[PDB]
Amino acid sequence: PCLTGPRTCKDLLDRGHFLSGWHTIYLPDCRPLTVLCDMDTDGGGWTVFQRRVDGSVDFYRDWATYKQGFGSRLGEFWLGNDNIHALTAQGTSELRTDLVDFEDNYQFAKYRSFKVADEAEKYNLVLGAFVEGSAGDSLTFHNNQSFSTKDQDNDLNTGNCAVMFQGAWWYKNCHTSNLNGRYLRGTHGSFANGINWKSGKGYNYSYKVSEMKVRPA
Amino acid sequence: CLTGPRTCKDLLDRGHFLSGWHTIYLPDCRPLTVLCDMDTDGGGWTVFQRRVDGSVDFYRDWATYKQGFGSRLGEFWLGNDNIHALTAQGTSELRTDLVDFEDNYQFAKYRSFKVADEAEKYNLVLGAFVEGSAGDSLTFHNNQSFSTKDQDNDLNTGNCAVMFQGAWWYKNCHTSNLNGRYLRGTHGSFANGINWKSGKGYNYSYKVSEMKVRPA
Amino acid sequence: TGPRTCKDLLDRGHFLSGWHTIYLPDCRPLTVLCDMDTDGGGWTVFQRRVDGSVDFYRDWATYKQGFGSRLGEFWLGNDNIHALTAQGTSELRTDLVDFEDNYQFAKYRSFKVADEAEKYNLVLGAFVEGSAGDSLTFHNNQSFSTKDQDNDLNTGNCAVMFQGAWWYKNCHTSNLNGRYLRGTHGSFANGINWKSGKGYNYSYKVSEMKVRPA
Ligand SMILES: *[C@@H]1O[C@H](CO)[C@@H](O[C@@H]2O[C@H](CO)[C@@H](O[C@@H]3O[C@H](CO)[C@@H](O)[C@H](O)[C@@H]3O)[C@H](O)[C@H]2NC(C)=O)[C@H](O)[C@H]1NC(C)=O
Ligand SMILES: CC(=O)OCC[N+](C)(C)C
Ligand SMILES: CC(=O)OCC[N+](C)(C)C
Ligand SMILES: CC(=O)OCC[N+](C)(C)C
Ligand SMILES: [Ca+2]
Ligand SMILES: [Ca+2]
Ligand SMILES: [Ca+2]
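Protein chains in written order, with the authors' numbering: chain B, 72 to 288; chain C, 73 to 288; chain A, 75 to 288.
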C-alpha cells in the first residue's frame, strides 16, 4: 500500500494529475505526507515546501515549529524541515524559486540541486549551481549554512540574524535572501527584514508571493 | 472507523501539523471532512464557522443552517446537525477567534460547548468563560434555542433573525452576532454586523471570525 | 458504486462547495470542483477565472490535459470536459462578474464537446435564459483553436489576435479564456469578454463555466 502509491509530485503528473493541489505522496520511509503539487510551472511536477501569499500566517517562529512545519493548506505554510530533508536526502532534486511583486511582475531562479541535512546537522544547505532565472542568484551566498530560528542561532554572525532580519533561514552573516521574513507588503523602510531577495527587488521590497519548490533533477 | 481519527486533536497527535480539510470519524463512524486549525492555541481545533471576506450569504433559512453551507475554499457554517454530532459527548471547549481590519486579533475561550439536536432546537449548552481579549459575549446566550428567519424561537415579540440579518441562539436579542452581515468595519446600522458586544461592540463588523472546538 | 457527478455528491449530503473526487463513465477518478450553491447547486466546474494569477494563453497539449490550480484559476482540460459531458445530457451554465460586482449568467439546455479526433468540437443546445445574453450559440459546431493550432475560419489567426483558446469562427462573440485585463480595456476583444454582456472592451473579474445533468 506504500509501493502502490506515488512518491513525488513528478510521479503524480506522470500519472495524469494535471491540476495543482494537495496530494499525498509516500516518503522514502513509507510515511504518507500530504504535499502541494505545482502541476503548472516550468513543465510542472514540483513539490512545494514554502509559500507566502497574503501575510496571513506568522513566520517568525521557533525551532520546534520550523522542524515540524506550520501554516495552512488553504494558504501560507512551511512544510517543515524534517519533511524537506526527507524529500531531498536520497537522490537529486532541482530547486525552483518563484516570486511575484505587487505590480504583477513574475520572477524566478533555478538551482541544479538542493538538499538539506537532518537536524543533527542543523538542516544544513547543500546547493548545486545556479542554472538561470530572472531573479538572479541570491541563494548561493547561503550555501553550506545551517538553518537558524530566533531561539536557535547557528549563523556566522556575532549577533542573531533571525531576530535582526525577523525571519528564519540558512543565514550566514546575514543574508542576501530572506523568504521567511515579515510580510511587509512592497516597499518598506526597515532594513532587510521583509520577504527579500537581494538580487531581485533588493533589501527594501517585500514580495507579494513567494514559493520554494523541488523536482527530481 | 474506530482506529482512524475521531477529532482534529487526533489528527494532530498523529502528526498532521498543517491546518486544512481532513476527514474525521464521528462518535457514530460517519465520515466527515472538517477544517482543522492545527496552529492556534496548541492546535487541534475543529472549525465549525468561518467568516473571512464576505463572499458567502449567511442570512439563510433553517434547512440551510441545519445541513451547513458555504465553501471549503472560504466561508462556511458546518451545519447544526454536524455541530451537534461533534459536541454530543459534551466534553470539548469553544474558542472564538476574531480579526479586525487592522489585523488586531482577539479571542474568547469557553470551557465546554454543546448544542442539542433539532428536536431541542439546537439549544446552546455553554460552560464557563475561562479567559479572553474579546471579553465575554456568549454566556448571555446560554440555554437558548437557535432561530433563523423562518424559525422564530427567541424571546422577542418580533423576529430577531430578521432584525439583525443573522442566525443565532438569539434571546432579546443578542450581545454577539457572528452570523450577521459582513459589513466591513464600522457600520451605522445597529447590531446587524459580525458583532461581539464586549469586543468592538454593536457597530463594528470584524474582518475574520472563527468558532472552533477541541476535546478538553 | 459511487459519485458520478457533483449532483450525486449534493444528493448524498455534501453541501459545501469544493474539490471532490467523482467517477467518470470509464470509471477513471477525477478530482473536480463542485459548486454546491449556485442555482440549486450540484454543478461541476470546468473553468474558472478569479484574479488573473494563471496564464490562459496556452497551447493545444495544455488545453488538452488541463492546467491551473485547485486553489485558484484553471481549465479542467478538454479530454476531461469531453469525458464529462458526452455520456449523458449535461446542462451548461456560465457565471460572469464585473468589477462593480454586477452578476450576470447564461444557461443552455445542453452542452457537449466531442473528442480530440473531432477537434473538441462544441455541440450546444438552446439558450434557456440568461441576463448576460447569448454570446455562445454563435459558436456552435466549431473546432477548438489554440494559438498553436488554428482550426478557425478567419484565415488570419483568431487565437493570436485575441489571445486565448475557444471554438473560434471569424472570430468571436465570447472569449472567456482571454487575457485577464481587469475591467475596461482599450485593446479589442482580447479580454475575458462576453459580447452581449459587457461587450468587447470589458474584461470580467470572475468567470465560471459549469455543468449539471439536465
Ligand atoms: C562548510 O563550512 C565548514 C565550516 O563549518 C567548512 O570547513 C572548513 O573547511 C576548510 C577547507 O575548506 C578546512 O581547512 C582544512 O583543514 C586544515 C586545518 O586543520 C587546513 O590546514 C587544511 O589546509 C584545510 O584547509 C577547515 O578546517 C574547515 N573548518 C571547520 C570548522 O571544520 C567546510 O569546508 C564547508 N563545507 C563546504 C562543502 O564548503
Ligand atoms: C515562536 C513561536 O513559534 O510561537 C509560539 C511560542 N510558544 C510556543 C512558546 C507559546
Ligand atoms: C434564504 C435561504 O437560505 O435560501 C433558500 C431559499 N430557497 C427555497 C430559495 C432555496
Ligand atoms: C440557489 C440554490 O441552490 O437554492 C435555490 C434552489 N433553486 C435555485 C434550485 C430553486
Ligand atoms: Ca551568532
Ligand atoms: Ca419572536
Ligand atoms: Ca485561420
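Beta carbons are placed, not taken as given, at the ideal position from N, Cα and C, and that holds for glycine.
- What do you reckon, are the CB atoms on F148(C) and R167(C) nearer than 8 Å? no
- Item | Contact set between the stretch 138-149 of chain C and chain A, restricted to residues whose Cβ is under 8 Å from the partner | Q139, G140, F141, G142, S143, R144, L145, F148
- Message: Do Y242(B) and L210(B) count as a contact pair if the criterion is CB distance below 8 Å?
- Response: no
- Helix, strand or coil: how does DSSP classify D109(C) here? strand
- Query: Nearest to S164(A) by alpha carbon, out of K186(A), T75(A), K138(A), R256(A)?
  - Reply: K186(A)
- Message: Using a 10 Å radius around the Cβ and a threshold of 16 neighbouring Cβ atoms, would you call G140(C) buried or exposed?
- Response: buried
- Item | Delimiting residues of the beta strand (DSSP E) encompassing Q121(B) | 117-123
- Compare the C-alpha of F212(C) against each of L98(C), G114(C), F173(C), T247(C) and name the closest. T247(C)
- Verify the CB distance criterion: does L90(A) have a CB-CB separation below 8 Å to chain C? yes
- Closer than 7 Å by beta-carbon distance: list the chain C residues that pair up with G151(B), in chain order. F89
- Which stretch, first to last residue, makes up the alpha helix (DSSP H) that contains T159(A)? 152-160
- Query: According to DSSP, which residues form a beta bridge with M283(B)?
  - Reply: Its beta-bridge partners are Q121(B), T168(B).
- Span of the alpha helix (DSSP H) around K138(B): 134-139
- Item | Buried/exposed call for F130(C), threshold 16 Cβ in 10 Å | buried
- Which value, in whole angstroms, describes the spacing of the CA atoms of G162(A) and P99(A)? 10 Å
- Task: Identify whether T79(A) lies in helix, strand or coil by the three-state DSSP scheme.
- Result: coil
- According to a CB-to-CB cut-off of less than 7 Å, which residues of the stretch 105-139 of chain C neighbour chain B? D111
- Query: How close, in whole Å, do the beta carbons of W240(A) and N249(A) come, if the pair is a contact with beta carbons under 8 Å?
  - Reply: 6 Å
- Length of the line joining the Cα atoms of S270(A) and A160(A): Their backbone Cα atoms lie some 27 Å apart in a straight line.
- Query: Within the present structure, is the beta-carbon of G238(B) separated from the nearest heavy atom of ligand 5 by less than 7 Å?
  - Reply: no
- For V128(B), the three-state DSSP class (helix, strand or coil): coil
- Message: What does DSSP give as the partner residue(s) for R253(B) in the beta ladder?
- Response: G265(B)
- Message: Does residue 291(C) come out as helix, strand or coil in the three-state DSSP assignment?
- Response: Any answer about residue 291(C) is impossible in this case: the structure gives chain C only from 73 up to 288.
- Item | Beta-carbon spacing of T95(B), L104(B) below 8 Å | yes
- How would you write the range of the alpha helix (DSSP H) that residue 292(A) sits in, first residue to last? Because chain A here runs from 75 to 288, residue 292(A) falls outside it and cannot be looked at.
- Got a sec, what are the start and stop residues for the beta strand (DSSP E) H94(B) sits in? 92-97
- Cβ neighbours of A263(A) in the same chain (closer than 6 Å, five flanking residues each side left out): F236, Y274
- Message: Does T247(A) come out as helix, strand or coil in the three-state DSSP assignment?
- Response: coil
- Message: Shorter than 7 Å, the distance from the beta carbon of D226(B) to the closest heavy atom of ligand 5, or not?
- Response: yes
- Do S91(B) and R144(A) come within 8 Å of each other at the CB atom, strictly closer than that value? Less than 8 Å separates the beta-carbon of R144(A) from that of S91(B).
- Message: Does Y177(A) pass the burial test, meaning 16 or more other C-beta atoms within 10 Å, or should it be called exposed?
- Response: exposed
- Query: Using a Cβ-Cβ cut-off of 6 Å (strictly less than) and excluding sequence neighbours within five positions of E282(B), which residues of its own chain qualify?
  - Reply: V119, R122, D169
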